[PDB]
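Be aware that the sequence shown starts at 33, since it is given in the working numbering, and climbs by one per residue.
Each remark here refers to the structure printed beneath this line.
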Amino acid sequence: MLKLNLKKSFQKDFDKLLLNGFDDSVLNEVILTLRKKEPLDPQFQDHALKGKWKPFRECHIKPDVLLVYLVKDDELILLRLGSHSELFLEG
């Protein structure tokens, strides 16, 4: 499988979510699927980001919990985990 690369930005987001009650079970399943280069099912709204954010992709773990990630050179890079406002609106 791909090697995981958790950026520090992702670690901080994850630790903040945990303190706010986040359950990471679905996240873990999504991560494994991505590491195996398999497609996510339709609920995850998996897609490529545009503009500034290329070449990253985004999927929805929950409606206010988005995962921003990239497959590059044998890694799955996990960049951010949080709300649309936190990730994209400087929140």
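Even for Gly, the Cβ is constructed at its ideal location relative to N, Cα and C.
Within a 10 Å sphere around the beta-carbon of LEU50 sit fewer than 16 other beta-carbons, which makes this residue exposed.
Cα atoms of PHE76 and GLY53: separation of roughly 20 Å, rounded to the nearest angstrom. According to the DSSP assignment, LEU64 belongs to no beta strand (DSSP E) but to the alpha helix (DSSP H) extending over 57 to 67. Considering only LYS39, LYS35, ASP106, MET33, the residue with the shortest C-alpha distance to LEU99 is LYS39. Taking each of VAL62, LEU121, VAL58 in turn and checking the Cα distance to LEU36, the smallest one comes out for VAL62. Shown here for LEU102: same chain residues with a beta carbon closer than 8 Å to its own, the five before and five after excluded, namely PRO87, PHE88, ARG89, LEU108, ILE109, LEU111 in chain order.
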